[PDB]
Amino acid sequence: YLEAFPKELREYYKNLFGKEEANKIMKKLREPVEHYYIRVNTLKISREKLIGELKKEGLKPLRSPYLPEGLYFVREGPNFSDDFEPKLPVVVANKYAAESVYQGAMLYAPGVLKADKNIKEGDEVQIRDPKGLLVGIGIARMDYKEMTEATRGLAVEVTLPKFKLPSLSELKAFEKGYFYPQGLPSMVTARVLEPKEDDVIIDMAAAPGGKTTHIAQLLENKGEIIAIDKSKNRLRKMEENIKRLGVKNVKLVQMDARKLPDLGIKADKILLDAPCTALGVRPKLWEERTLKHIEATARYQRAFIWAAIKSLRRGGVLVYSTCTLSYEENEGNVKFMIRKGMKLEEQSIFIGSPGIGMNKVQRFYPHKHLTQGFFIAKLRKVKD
């Protein structure tokens, strides 16, 4: 698994976590989350009612004892060994198709990069990513010719994915806005913010609106949430998410969040779920980002943070979160905040790990908590 991570990053992890822990983290990072979480949209349905609906569809949702809005599905796999060499013709899936097949998706024709020319419908085939990673085994539903030419349709029925997570996007329950797939750490983040119907609230990197819509249901669609993002497309997706979930609580504004103080607003609550190197996201087939990215991105985040601090009322609260493992983007950037008149505060839910040499922030690790790598800091603005 070590091969998935560039050498300097591997050394970075070893230095930051220790060899043993670093190896455990990288090993687990290569795999999908063991517990696949969704958020119950309490704007439309209760937890137990939704469970009833999911059991109807043959699913086995389990309840979280920490998040009353949390449900998770247990992951299946690995369905074959890491060294397994099937005696099968090869279908090569592109980078994006391979990651979904790796988690139980079918392989569709646009997801096909190239393939063995002997392949005919009904043949048993093995599916590999462009770098030779075996991600699944299945049965071809197209001949070679159609597989490499079709613009749509089913190319390989994946009957033996490396791992299996439930597909929920096609469920009626999903279409009716009953839930939103979202990781446990991300859900804890919105809770730890403790939004109140009275609060002036800003999500300054909000799209596609996972944490924004969670705030909306915690507010029970009362008050107002200001949601910022620079990307019009991701905002477009956020508009669809809002409509589907029945969220009436949110005001979308497109802009560079680093210029936030240009508004006249002094917020009581700010969520900064910041753009990051995403070193913690799963599954991690091949890690492309490295040290140069950590420094650059950490520096990039400081612009957001400063903008947030200046836009916070005194006594105001900032929640900073990332889906990355790096020190610089996390504990390092919190020290920055501490130098700018912010103070660490106890988080209302703490089920993760302590931060690196730092007491009140909350970290999540894949090998310890069965989640994506994650980071959460909660701060109080004591002065300007």
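Residue numbers run from 1 along the displayed sequence.
J.: Please work out which of 68-76 and 304-312 has the higher mean CA B-factor as recorded in the PDB entry.
T.: That would be 304-312.
J.: Regarding 245-253 and 270-278, which shows the higher C-alpha temperature factor on average in the entry?
T.: According to the entry, 245-253 carries the higher average C-alpha B-factor.
J.: Can you tell me which of 129, 85, 124, 116 has the highest Cα temperature factor in the record?
T.: Answer, based on the entry's C-alpha B-factors: 85.
J.: Per the entry, which of 214, 292, 284, 164 tops the list for Cα B factor?
T.: Among 214, 292, 284, 164, the highest C-alpha B-factor in the entry belongs to 292.
J.: Using the B-factor values recorded in the entry, state whether the Cα atom of residue 210 falls in the lowest, middle or highest third among the modelled residues of its chain.
T.: According to the entry, residue 210 has a C-alpha B-factor in the chain's lowest third.
J.: What third of the chain does residue 58 rank in for C-alpha temperature factor, lowest, middle or highest?
T.: Tercile = highest for this residue's CA B-factor.
J.: Based on the deposited C-alpha B factors for this chain, I'd like to know if residue 354 is in the lowest, middle or highest third.
T.: Its C-alpha B-factor, which the entry lists for residue 354, ranks in the middle third among residues of this chain.
J.: Once the chain's modelled residues are ordered by C-alpha B factor and cut into thirds, is residue 369 in the lowest, middle or highest one?
T.: Bottom third by C-alpha B-factor.
J.: Going by the CA temperature factor in the PDB record, which third of the chain does residue 194 belong to: lowest, middle or highest?
T.: Tercile = middle for this residue's CA B-factor.
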